[PDB]
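These notes concern the structure reproduced below.
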Ligand SMILES: [Mg+2]
Ligand SMILES: [Mg+2]
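Residue numbers (the numbering used here), protein chains in the order written: chain W, 1 to 69; chain H, 101 to 169.
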């Protein structure tokens with residue numbers, strides 16, 4: 001008698017028994033992970049652009065100073 | 101007769117049948133993911149420190165200029 005299945009936490013994947021509910025679960029969890037990753041990429045990019053902007057300024061500054069040579 | 105199990109790709113998790121091999125698989129895959137994440141955090145941090153260093157320089161520069169007021 002399948003009873004040890006009742007022992008699993010409700011919100012555990014293993015509780016889903018085959019077909020459409022597994023399909024929906026896969027979709028919503030995979031979309032959430034994909035969403036997290038887009039957010040990290042955006043956050044990294046925003047910092048990378050800022051570092052690029054700050055750097056090129058220094059190059060411009062140092063050139064202006066070095067132009068006085 | 102369990103035969104549709106032979107149809108799975110060899111390097112798929114589902115091929116591992118219970119116990120110690122599943123235990124080893126979990127360990128090596130989880131360690132690999134944890135390793136990737138440490139690397140991303142290090143890479144982001146290195147950029148964040150660089151942006152911090154570039155920024156504080158500009159603050160120092162602008163102060164020196166503004167000191168002439
Ligand atoms: Mg779920
Ligand atoms: Mg494996």
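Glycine included, every Cβ here is placed at the ideal spot set by N, Cα and C.
- Secondary structure at residue 23(W): helix, using DSSP grouped into helix, strand and coil.
- Using a Cβ-Cβ cut-off of 7 Å, residue 155(H) is close to 54 of chain W, given in chain order.
- Between the region 118-138 of chain H and the region 17-27 of chain W, the count of C-beta pairs closer than 8 Å stays below three; the two stretches do not touch.
- Counting the other CB atoms within 10 Å of its CB gives residue 51(W) a total of 16 or more, which places it among the buried residues.
- Under the 7 Å criterion on CB atoms, residue 144(H) is classed as interfacial with respect to chain W.
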